[PDB]
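Trainee: structure, please.
(one chain, ligands or ions: 1)
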Amino acid sequence: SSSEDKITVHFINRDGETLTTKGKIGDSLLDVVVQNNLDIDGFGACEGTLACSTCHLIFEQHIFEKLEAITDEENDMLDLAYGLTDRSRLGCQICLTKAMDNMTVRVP
Ligand code: FES
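Mentor: Numbers count the residues shown, from 1 in each chain. Let me share the structure:
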């Protein structure tokens, strides 16, 4: 008698594993991971304020193209990203969307 929302998010460890964490259209990257005890030692640190450059993640196909755009500043911080794929960018921002229902990501 109020409301309820929660999506599913998957994170492929840099080792090749796969973590499962449910977000919630409106949440905020990092928080979810941090909420999962961040099982990806290396993820963002600065909270996503652009002062760590230890973030950057890979988005699932058809997902990255859905994700919102980014500025030039963040674009720079998205450079540090390793093996910048065709769907890799700096995360720890924006909020989950219905287009993220079971969104899979990878940790390069
Ligand atoms: S969390 Fe430090 S820039 Fe993304």
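Trainee: check contacts around the closest residue to the ligand within the chain.
Mentor: Residue nearest to the ligand within the chain: residue 44 (2.4 Å; Cβ to the nearest ligand atom). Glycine gets a C-beta too; all of them are placed from N, C-alpha and C. By Cβ atoms under 8 Å, 6 or more residues apart in numbering, the residues touching residue 44 are 29-30, 33, 52, 54-55, 91-92.
Trainee: give the ChimeraX command for selecting the buried subset of those.
Mentor: If you want just the buried ones from the contacts of residue 44 in ChimeraX, going by 16 or more other Cβ atoms under 10 Å, the selection is:
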select :29,30,33,52,55,91,92
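Trainee: which ones among the contacts of residue 44 also lie next to the ligand?
Mentor: Checking these against the ligand by Cβ under 6 Å from any ligand atom, the ones in range are 30, 52, 55, 92.
Trainee: would CSV of the residues you listed with secondary structure be doable?
Mentor: Shown next, in CSV, are the ones next to the ligand among the contacts of residue 44 (DSSP: H, G, I helix; E, B strand; the rest coil):
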residue, secondary structure
30, coil
52, coil
55, coil
92, coil
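Trainee: which helix or strand contains the residue nearest the centre of the chain?
Mentor: Nearest to the mean C-alpha position of the chain, counting by Cα atoms, centre = their mean, stands residue 91 at 4.6 Å. In the assignment (DSSP states H and E), residue 91 maps to no helix and no strand.
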